[PDB]
Amino acid sequence: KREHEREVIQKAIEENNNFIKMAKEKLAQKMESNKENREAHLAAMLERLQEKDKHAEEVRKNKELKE
Amino acid sequence: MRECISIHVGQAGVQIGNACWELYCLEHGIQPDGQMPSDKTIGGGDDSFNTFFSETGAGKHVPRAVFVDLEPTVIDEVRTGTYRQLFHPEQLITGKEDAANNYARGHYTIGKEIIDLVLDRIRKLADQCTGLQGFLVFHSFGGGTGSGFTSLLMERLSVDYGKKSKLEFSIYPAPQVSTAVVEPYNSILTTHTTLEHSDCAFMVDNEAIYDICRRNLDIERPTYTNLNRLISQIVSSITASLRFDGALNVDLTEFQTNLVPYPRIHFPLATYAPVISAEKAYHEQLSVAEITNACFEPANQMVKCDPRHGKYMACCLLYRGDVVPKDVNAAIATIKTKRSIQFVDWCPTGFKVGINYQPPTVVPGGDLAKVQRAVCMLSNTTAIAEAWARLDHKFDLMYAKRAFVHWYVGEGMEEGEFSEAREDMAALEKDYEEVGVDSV
Amino acid sequence: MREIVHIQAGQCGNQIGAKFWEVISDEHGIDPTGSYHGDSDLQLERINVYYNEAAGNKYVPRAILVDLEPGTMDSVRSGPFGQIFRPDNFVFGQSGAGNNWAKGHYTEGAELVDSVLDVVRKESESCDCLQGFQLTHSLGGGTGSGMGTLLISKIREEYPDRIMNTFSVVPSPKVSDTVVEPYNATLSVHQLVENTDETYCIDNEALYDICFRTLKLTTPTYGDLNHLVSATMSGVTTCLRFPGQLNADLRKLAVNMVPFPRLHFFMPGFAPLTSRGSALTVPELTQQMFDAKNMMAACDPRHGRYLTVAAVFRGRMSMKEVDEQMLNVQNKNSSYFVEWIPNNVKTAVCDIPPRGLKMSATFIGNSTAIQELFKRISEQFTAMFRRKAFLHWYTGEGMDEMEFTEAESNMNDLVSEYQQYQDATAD
Ligand SMILES: CC[C@@H](C)[C@@H](NC(=O)[C@@H]1CCCCN1C)C(=O)N(C)[C@H](C[C@@H](OC(C)=O)c1nc(C(=O)N[C@@H](Cc2ccccc2)C[C@@H](C)C(=O)O)cs1)C(C)C
Ligand SMILES: Nc1nc2c(ncn2[C@@H]2O[C@H](COP(=O)(O)OP(=O)(O)OP(=O)(O)O)[C@@H](O)[C@H]2O)c(=O)[nH]1
Ligand SMILES: Nc1nc2c(ncn2[C@@H]2O[C@H](COP(=O)(O)OP(=O)(O)O)[C@@H](O)[C@H]2O)c(=O)[nH]1
Ligand SMILES: [Ca+2]
Ligand SMILES: [Mg+2]
Ligand SMILES: [Mg+2]
């Protein structure tokens with residue numbers, strides 16, 4: 001009985017520790033995955049816009065290439 | 001000996017917070033500068049009201065409360081309002097740019113910028129407590145801060161406080177006062193994220209409160225101020241067990257034992273009585289029996305649903321004021337034998353009851369009559385599931401076409417989070433169905 | 001606070017720009033040299049949204065004025081309130097674009113663009129918490145349309161995460177004889193569908209018809225059209241400028257109004273319709289702003305469905321009455337509201353009435369009917385471009401034909417996207 005009493009409080013502690021650990025883990029994966037998604041979505045928006053600059057030099061070059 | 005820390009989050013949480021503190025001050029005889037003449041221990045004590053207020057050496061009684069918003073204009077009113085000397089400026093935290101009704105901003109983009117500062121101010125409050133019991137969190141389901149910030153906070157408090165209980169008071173959205181079409185999105189996301197982290201949640205349906213103001217207080221077009229005063233009475237009835245002591249008082253955690261049969265099934269329905277204007281209460285005591293029976297009338301609920309079409313799993317009654325056992329016992333025995341109330345077969349059919357002698361108070365210039373005796377009932381009914389079905393359906397209508405989804409994706413979310421949240425809700429609705437079926 | 005930066009470009013942009021500032025300055029109770037002399041504190045609570053602080057308690061419009069014509073600059077400085085704009089905030093070119101989009105977007109516009117950005121930066125950088133930008137311009141000319149959409153691309157590069165709002169005036173044969181407008185408009189819309197968050201569609205066809213047909217105006221002037229445009233702009237920005245719960249900033253408005261990123265084109269509405277020189281009830285107000293005749297775009301709302309709607313009522317009226325009438329309106333008109341977006345009409349009530357009106361209503365609709373406007377622009381564009389007319393004006397500047405095709409069909413995709421959501425059901 002006394003060894004069992006010890007296991008029980010041990011199990012309590014363990015399950016509580018494990019609840020915290022899992023929550024920390026799930027929180028951190030969600031944060032970094034949200035950070036990546038948001039970076040990508042902004043990288044792509046800016047490069048689309050960069051491609052507008054390439055195309056606008058290309059339209060002006062083509063103009064001055066007319067004699 | 002057990003301190004509770006209150007966290008008020010976003011506009012709704014904050015505005016309900018002012019109403020609650022104002023009202024607590026009145027209840028305990030604490031003036032807007034924090035002084036309390038009737039308190040003979042200066043600088044500390046372990047009186048019942050000390051679960052909610054700490055005390056300075058100068059005799060100021062300070063709320064065990066943090067107010068948080070991602071934008072400053074609501075909290076600014078608290079900084080300069082009537083109660084501005086009640087709180088240390090460190091307990092009032094604001095950012096510059098709000099969540100724009102977008103859970104994704106409250107949880108990630110904007111919220112992540114302020115979450116360590118908030119934890120930090122919470123840790124200062126926790127550190128002044130000798131036997132911290134837990135947290136009460138006030139917030140709307142619908143706003144971006146109310147939803148995404150609160151849920152982020154709840155995740156982090158689980159990690160930083162493990163043991164510690166967390167109770168929520170959550171404003172559930174109604175079309176008469178809502179301000180965002182995406183409120184169903186925010187609500188499902190925050191419920192999914194918060195479900196594992198909360199011990200008990202009280203939903204306050206803004207429609208239910210709106211209607212109570214129209215119908216019981218003859219207010220034509222109720223404002224936030226009107227709803228918040230009524231909501232503040234319900235909250236005060238529920239925290240009364242911690243704030244006062246008395247030979248018949250039953251503590252909130254004891255009610256909790258009865259109200260939560262399974263971790264996920266932790267959403268009690270509150271019903272409050274009497275809500276009566278001054279003119280109508282003139283020449284009229286409502287007896288113990290009268291106010292008790294009025295807890296079983298759905299017009300008095302604070303969520304719209306019908307318990308007559310479901311099953312009870314618990315029923316608790318929190319009486320305040322001039323109330324004696326003989327009368328409670330008699331009023332309940334009546335309801336029993338008048339068989340109007342059906343329990344699941346796996347749950348004994350009793351009624352846990354508490355009584356606080358302090359009578360309810362009203363704020364000056366309000367619409368509530370001041371009465372001799374009031375009662376708040378907390379039940380756990382399968383009918384509370386109705387509120388989830390109404391929201392889940394609105395979610396489904398929008399999400400089948402991905403309406404508005406691009407606003408969340410643009411802030412970093414994946415559709416996967418939506419369907420995962422909504423599956424969790426489908427499961428919660430199956431849960432409330434399963435607990436209601438008869439045993440084999 | 002949450003500041004907006006205002007930018008006006010080309011003749012139109014500057015005309016409607018100026019009126020807007022005339023109107024809202026009056027509303028906020030400030031004189032032509034920027035002194036407050038109002039009687040109500042609600043006039044100042046959110047004044048920073050649109051104005052900077054000066055010394056001597058002088059308020060200055062956060063406004064940047066641009067044209068490739070130096071002329072309109074002077075006619076701006078001449079009007080009432082011309083003396084309030086920061087003088088560095090005027091940025092003018094040499095030629096004028098002469099109704100050539102490509103000049104506005106690639107060549108002459110480009111050369112001026114950098115000096116505009118400098119004033120934008122100056123304004124932005126000062127800003128405590130900038131919400132974003134509003135651009136007033138026309139889509140048929142060359143500056144407002146071509147330089148204006150270039151400016152927008154350029155600002156979105158430097159502030160990728162602020163809100164970008166236009167007031168875009170759409171062209172009508174009934175108002176301008178230029179043959180080339182369908183080109184300038186199609187190429188504009190191509191840019192806007194990618195680079196703005198929300199665009200108010202002011203249709204000159206609608207504004208002409210209200211003035212002729214409804215308002216009994218004989219031969220209506222630009223000043224006559226602009227009277228409506230300014231009433232509208234006052235109405236749609238009320239929520240931004242006074243204290244209130246609903247759509248109180250640009251992002252919240254976008255979030256409520258834009259369910260799909262490309263469907264961000266609104267038809268505004270107003271009631272009562274008036275001209276200059278001489279009260280409706282809540283129910284008349286309410287019925288009028290859901291009526292085709294009160295729309296500033298030439299679309300019949302009964303030819304589509306609303307995805308979303310905001311209504312703004314101004315004046316001291318009963319809130320319970322507005323609530324009832326608004327419910328009423330949705331019940332009797334339920335077919336015209338997409339069923340798959342619940343609670344998609346929002347309602348604001350502001351006590352402050354406009355100028356010489358006791359009570360009014362402003363309507364902002366994201367309706368699938370707006371495809372009518374695009375299809376009309378589309379019919380004109382394709383009448384020419386098929387017979388490759390006037391192309392030389394544009395290619396001469398370096399533009400390929402392909403760019404015309406792409407823009408044509410991006411606007412066709414758009415139309416067919418509205419149709420798709422008009423047709424969708426709940427199962
Ligand atoms: C024959 C050529 C035009 C005179 C005339 N008609 C047309 O253009 C033709 C006629 C029939 C076949 C196709 N349609 C398009 C016209 O009425 N136009 C162009 C007007 C604009 C014109 O009105 C007239 C007839 O004087 C102008 N209005 C103003 C004007 O309003 N100026 C105000 C200041 C101002 C405002 C905005 C722009 C410039 C100047 C000054 C005061 C008087 C005011 O506020 O009303 C300038 S040019 C409207 C369609 C808008
Ligand atoms: N009962 C009550 N409800 C409120 C109050 N203020 C807002 N609400 C409701 O709360 C929801 C709107 O959320 P808010 O709390 O204003 O949003 P927030 O948490 O500040 O989030 P953002 O503004 O998106 O950062 C809507 O359902 C409103 O009807 C209040 O004082 N009392
Ligand atoms: N409502 C209105 N429309 C205008 C005004 N000025 C010009 N327009 C219309 O604007 C278009 C031409 O653009 P404009 O501003 O003159 O060209 P820009 O100066 O190159 O920007 C035509 O469709 C005109 O009929 C105005 O003040 N009010
Ligand atoms: Ca004490
Ligand atoms: Mg807020
Ligand atoms: Mg021009």
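Below, chains carry the letters A, B, ... as their sequence lines are ordered, and counting in each starts from 1.
Among residues two or more places apart in sequence or in another chain, the salt bridge (charged side-chain N to carboxylate O under 4.0 Å, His left out) test is passed with C:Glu284 by none.
Contact annotation for C:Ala254: both backbone and side-chain heavy atoms come within less than 4.5 Å of a heavy atom of chain B. Proximity to chain C (any heavy atom under 4.5 Å) is shown, for B:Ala180, by both the backbone and the side chain.
Counting heavy atoms from C-beta on, the side chains of B:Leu397 and C:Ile341 never come closer than 4.5 Å. Inter-residue side-chain proximity for B:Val405 and C:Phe260 is flagged as unmet; no heavy-atom pair is nearer than 4.5 Å.
For the set C:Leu246, C:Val258, C:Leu327, the count of heavy-atom pairs under 4.5 angstrom toward chain B peaks at C:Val258.
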Once you leave out hydrogens and angles, what donor-acceptor pairs under 3.5 Å do chain C and chain B share?
{"from": "C:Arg2", "atom 1": "NH2", "to": "B:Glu97", "atom 2": "OE2", "distance (Å)": "3.2"}
{"from": "C:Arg162", "atom 1": "NH1", "to": "B:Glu97", "atom 2": "OE2", "distance (Å)": "2.9"}
{"from": "C:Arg162", "atom 1": "NH2", "to": "B:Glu97", "atom 2": "OE1", "distance (Å)": "3.4"}
{"from": "C:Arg162", "atom 1": "NH2", "to": "B:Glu97", "atom 2": "OE2", "distance (Å)": "3.2"}
{"from": "C:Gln245", "atom 1": "NE2", "to": "B:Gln11", "atom 2": "OE1", "distance (Å)": "3.0"}
{"from": "C:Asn256", "atom 1": "OD1", "to": "B:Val181", "atom 2": "N", "distance (Å)": "3.1"}
{"from": "C:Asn256", "atom 1": "ND2", "to": "B:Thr179", "atom 2": "O", "distance (Å)": "3.0"}
{"from": "C:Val258", "atom 1": "O", "to": "B:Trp407", "atom 2": "NE1", "distance (Å)": "3.0"}
{"from": "C:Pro259", "atom 1": "O", "to": "B:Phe404", "atom 2": "N", "distance (Å)": "2.9"}
{"from": "C:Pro259", "atom 1": "O", "to": "B:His406", "atom 2": "ND1", "distance (Å)": "3.4"}
{"from": "C:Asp323", "atom 1": "OD2", "to": "B:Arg221", "atom 2": "NE", "distance (Å)": "2.9"}
{"from": "C:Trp340", "atom 1": "O", "to": "B:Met398", "atom 2": "N", "distance (Å)": "3.4"}
{"from": "C:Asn343", "atom 1": "OD1", "to": "B:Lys394", "atom 2": "NZ", "distance (Å)": "2.9"}
{"from": "C:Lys346", "atom 1": "NZ", "to": "B:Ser178", "atom 2": "OG", "distance (Å)": "3.2"}
{"from": "C:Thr425", "atom 1": "O", "to": "B:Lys401", "atom 2": "NZ", "distance (Å)": "3.0"}

